[PDB]
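As a starting point, one isolated chain is supplied in structure tokens, in the form deposited in one PDB entry.
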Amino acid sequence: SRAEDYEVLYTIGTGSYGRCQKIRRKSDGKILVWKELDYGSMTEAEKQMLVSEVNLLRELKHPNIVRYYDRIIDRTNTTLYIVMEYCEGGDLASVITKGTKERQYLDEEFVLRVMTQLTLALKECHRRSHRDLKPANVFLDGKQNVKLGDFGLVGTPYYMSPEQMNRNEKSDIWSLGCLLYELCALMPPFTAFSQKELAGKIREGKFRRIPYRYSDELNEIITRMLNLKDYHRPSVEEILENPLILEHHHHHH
């Protein structure tokens, strides 16, 4: 369990946080990634907190949660490595940006994939009771699997639920709603320049139908997730009973 067991291929992303690099396990040549963190400038508190968060990621194993592998300490450079699975398809933010740019709507089949696997990711989290549902925290592997990252475990808070906009599992359903919405329409359901304007729109509860290449059923269920009354939003179980969701929309090994 040392850094010498792995070889850096190259950097994927840079912090902020630190650095994110694609790596190769030397023992077998498995492709992984790790997140670089430099704790050299943290108090003992922040370091204890950090060891607390790290112990959390060692707990969750689930086919739709980004899989933790290992933690590596280098007291030499005062650098912490968190090793996880490679998600070659990158994040959803990029897919959404890419579709926005090339003006190409995603396939309903792909939407159903994200809807199905994220819902399962939720049901896992609520059980162990966390992680936030936003396009940047959703990752795609090479097998059409959708995986939830660790974020949350200046910007306009597009995915704020009406309730949390004031003073609840159904709050997550809303955010999921906003996400699939953005995935269909290539833009959030509510947009504004100030947060106050945003809150004005979220409370009115009106938005556009998602594009007509997407079926009525798909739109109905997203619409129901964006209901102002949390009790009218469907449960994880209600979402899965939907005739739209089929075996092939689930995770595969």
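The first residue of the sequence shown is number 1, and the count goes up from there. In this text, rigid core is short for the largest set of C-alphas that superpose within 1.5 Å between two forms.
The next section is about a form of this same protein that is not shown, the form deposited in another entry.
Of the residues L122, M84, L183, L112, just one CA atom moves 2 angstroms or more between the shown form and the other one under rigid-core superposition; it belongs to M84. Once the rigid core is used as the reference frame, the Cα position of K47 differs between the shown form and the other one by 2 Å or more. After superposing the rigid core, the C-alpha of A93 moves by less than 2 Å between the shown form and the other one. Positional change of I73 between the shown form and the other one reaches 2 Å or more at the C-alpha, relative to the superposed core.
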